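*Asks:*
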Amino acid sequence: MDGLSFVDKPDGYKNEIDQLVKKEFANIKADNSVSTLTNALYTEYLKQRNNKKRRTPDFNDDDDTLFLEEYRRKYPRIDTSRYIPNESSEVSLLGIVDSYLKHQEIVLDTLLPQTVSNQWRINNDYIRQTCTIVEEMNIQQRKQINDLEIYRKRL
Amino acid sequence: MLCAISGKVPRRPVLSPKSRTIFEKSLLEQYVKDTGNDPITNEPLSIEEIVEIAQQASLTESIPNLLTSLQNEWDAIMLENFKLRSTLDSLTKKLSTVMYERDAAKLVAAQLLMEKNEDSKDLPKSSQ
Amino acid sequence: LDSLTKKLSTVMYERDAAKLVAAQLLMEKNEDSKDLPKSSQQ
Amino acid sequence: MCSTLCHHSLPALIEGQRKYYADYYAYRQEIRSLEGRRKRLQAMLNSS
């Protein structure tokens with residue numbers, strides 16, 4: 001488990020260890053009908069066609085275009101009424117929503133900092149641990165080398 | 001400011017008293033009837049337990079609402095969840111490659127733990 | 102999706118962390134060989 | 540990354556004691572060889 005990141009100051016060693024890990028891997032080796057049509061639409065990459073009729077039409081048609089004509093009138097009157105209540109308020113309704121979006125945005129970036137601080141704070145605690153033990157390991161190795169030659173010089 | 005189920009910006013937000021989290025009324029009311037518990041914390045919660053607590060500028064070119083806008087909404091719902099199902103499938107596959115490579119490393123360490131200390135032991139014995 | 106990503110992230114981090122155990126271990130094992138070999142020779 | 544560094548803290552903190560304790564016992568054995576090798580040298584003066 002133990003491998004000191006802060007204390008151990013190559014890419015060759017990653018490439019080396021990857022090969023040894025690789026060799027040990029060589030050894031081991050809820051919705052209704054809605055979901056059916058939605059998954060089929062996405063898989064096939066084709067959206068279902070809508071009513072491309074109101075836009076084109078034609079004068080001196082028949083009973084069919086008499087309907088299609090009368091459709092264009094009522095929707096154009098609804099359109100012109102739908103543009104009236106927008107222009108009445110105008111830009112006040114738009115800029116009121118623009119202000120809401122600024123309150124929504126700043127909240128996210130506050131959380132970006134809260135995460136930033138606690139993430140650096142955890143790493144900060146790790147750092148001290150790394151330097152604590154890395155010294156202790158240094159102490160151990162020095163003592164190790166002392167015996168190694170001490171035992172020889174006695175013999 | 002958002003709902004904690006769909007990812008909406010709620011029109012009638014309602015907060016639960018067991019876990020302080022704001023949901024849109026329709027979506028929290030649906031969960032309680034499906035299974036009577038809080039979705040996040042899995043704690044007992046009912047419809048009576050809930051406590052009830057926005058402007059969108061309709062575009063200038065607002077026919078399109080029936081045809082173009084509604085079409086885009088069910089395209090965007092369709093191709094996202096399909097792509098999201100694709101993302102979930104790969105995470106489980108990449109999970110299996112993670113755990114296998116992990117256990118492969120465990121065996122290396124275990125194999126090397128026997129190797130190193132016995133090599134060190136042999137140096138201690140050599141002196142004699 | 103995100104709950105599996107936590108497992109993915111914790112693994113990949115811990116994998117390459119555990120990978121550095123080997124790199125260290127291998128070089129020490131190697132050091133034990135030449136040491137003993139050069140000593141046992143003489 | 541927060542949950543990473545959170546996890547990395549918990550698994551590392553336990554591995555260190557095990558790292559040290561191994562080397563600690565490794566050191567104890569090394570001391571014994573040191574502790575005896577002297578005595579044989581010390582007994583060279585007894586024969587003299």
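Chains as they are written, first to last, in the authors' numbering: chain t, 1 to 9, 13 to 32, 50 to 175; chain p, 1 to 53, 57 to 65, 77 to 142; chain q, 102 to 143; chain c, 540 to 587.
Just so it is clear, CB atoms sit at the ideal spot from N, CA and C, and this is done for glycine as well.
Would you say t:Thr135 faces chain c, with C-beta separation under 8 Å as the test?
*Replies:* yes
*Asks:* Measuring CB to CB, does p:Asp38 end up less than 8 Å from p:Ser6?
*Replies:* no
*Asks:* Among the residues of its own chain, which have a CB less than 7 Å from the CB of p:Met113, if the five just before and after it don't count?
*Replies:* Same-chain partners within the cutoff: there are none.
*Asks:* Given that a residue counts as buried once 16 or more other Cβ atoms are within 10 Å of its Cβ, and exposed if not, what is c:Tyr563?
*Replies:* Exposed is the call here.
*Asks:* Hey, how far is the Cα of residue 588 of chain c from the Cα of t:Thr152?
*Replies:* Residue numbering for chain c in the displayed model covers 540 to 587; residue 588 of chain c lies beyond these limits and cannot be assessed.
*Asks:* Would you kindly work out how many angstroms separate the C-alpha atoms of c:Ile570 and t:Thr150, rounded to a whole number?
*Replies:* 26 Å
*Asks:* I need the DSSP call for t:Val117, collapsed to helix, strand or coil.
*Replies:* helix
*Asks:* Out of q:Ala124, q:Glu132 and q:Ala119, state which residue places its alpha-carbon closest to the alpha-carbon of t:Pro13.
*Replies:* q:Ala124
*Asks:* Can you tell me the Cα-Cα spacing of c:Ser586 and t:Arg172, whole angstroms?
*Replies:* 22 Å
*Asks:* Under 8 Å between C-beta atoms, does p:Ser140 make it to chain c?
*Replies:* Taking CB atoms only, p:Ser140 has no neighbour in chain c less than 8 Å away.
*Asks:* Taking only beta carbons into account, state which residues of the region 17-37 of chain p come closer than 9 Å to chain t, listed in chain order.
*Replies:* Against chain t - using a Cβ distance shorter than 9 Å - the region 17-37 of chain p contributes no residues.
*Asks:* Which residues in chain q sit within 7 Å of p:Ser100, going by Cβ to Cβ distance?
*Replies:* Within chain q, no C-beta atom comes nearer than 7 Å to that of p:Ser100; the closest sits roughly 11 Å away.
*Asks:* Skipping 5 residues on each side, what residues in its chain have a beta carbon closer than 6 Å to that of p:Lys25?
*Replies:* Here the set comprises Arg12 and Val14.
*Asks:* I'd like to know if t:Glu27 contacts chain q, where contact means its C-beta is closer than 8 Å to some C-beta of that chain.
*Replies:* Chain q, which has no Cβ nearer than 8 Å to the Cβ of t:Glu27, makes this no.
*Asks:* Indicate whether at least one CB of chain c lies closer than 8 Å to the CB of p:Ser134.
*Replies:* Under the Cβ criterion of 8 Å, p:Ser134 is counted among the residues facing chain c.
*Asks:* How should t:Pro105 be labelled, buried or exposed, when 16 other C-beta atoms within 10 angstroms of its C-beta is the threshold for buried?
*Replies:* exposed
*Asks:* According to DSSP, simplified to helix, strand and coil, what is p:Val14?
*Replies:* strand
*Asks:* Could one say the Cβ of t:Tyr16 lies closer than 8 Å to chain p's Cβ atoms, at least one of them?
*Replies:* So no, t:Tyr16 is outside the interface.
*Asks:* Within the chosen definition, does the region 77-93 of chain p reach the region 66-73 of chain t through at least 3 CB pairs nearer than 8 Å?
*Replies:* yes
*Asks:* Of the choices p:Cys3, p:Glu132, p:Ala118 and p:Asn131, whose alpha-carbon is the least far from that of p:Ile53?
*Replies:* Of p:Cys3, p:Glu132, p:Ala118 and p:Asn131, the residue nearest in Cα terms is p:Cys3.
*Asks:* Per DSSP, which one or two residues make a beta bridge with t:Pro96?
*Replies:* None, per the DSSP bridge assignment.
*Asks:* On the DSSP letters alone, give me the boundaries of the alpha helix (DSSP H) that t:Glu110 sits inside.
*Replies:* Careful: t:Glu110 lies outside any alpha helix (DSSP H) and carries neither H nor E.
*Asks:* So who's on the other strand from p:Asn37, going by DSSP bridges?
*Replies:* p:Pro44
*Asks:* Under a Cβ-count criterion, where at least 16 other Cβ atoms within 10 Å of its own Cβ denotes burial, should t:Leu86 be classed as buried or exposed?
*Replies:* exposed
*Asks:* Quick one: give me the first and last residue of the beta strand (DSSP E) that p:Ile91 is part of.
*Replies:* No beta strand (DSSP E) holds p:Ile91; the alpha helix (DSSP H) holding it covers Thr82 to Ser140.
*Asks:* Can the beta-carbon of t:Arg102 be found closer than 8 Å to that of p:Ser65?
*Replies:* yes
*Asks:* Any beta carbon from chain c within less than 8 Å of t:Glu155's own beta carbon?
*Replies:* no
*Asks:* Determine which residues share a DSSP beta bridge with t:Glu89 and list them.
*Replies:* DSSP lists no partner for t:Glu89.
*Asks:* Assuming c:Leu544 and t:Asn158 make a contact with CB atoms under 8 Å, what is their CB distance in whole Å?
*Replies:* 25 Å between Cβ atoms; not a contact.
*Asks:* I'd like to know whether the C-beta of p:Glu129 is nearer than 8 Å to at least one C-beta of chain q.
*Replies:* yes
*Asks:* Using 8 Å as the threshold, is the C-beta distance between t:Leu4 and t:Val154 below it?
*Replies:* yes
*Asks:* Kindly indicate the opening and closing residues of the alpha helix (DSSP H) around t:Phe28.
*Replies:* Going by DSSP, t:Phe28 is part of the alpha helix (DSSP H) stretching over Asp14 to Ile31.
*Asks:* How about t:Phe28 and p:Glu115: do their beta carbons lie closer than 8 Å?
*Replies:* yes
*Asks:* How many angstroms separate the CA atom of c:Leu549 from the CA atom of c:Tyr559?
*Replies:* For c:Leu549 and c:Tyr559, the distance between alpha carbons rounds to 17 Å.
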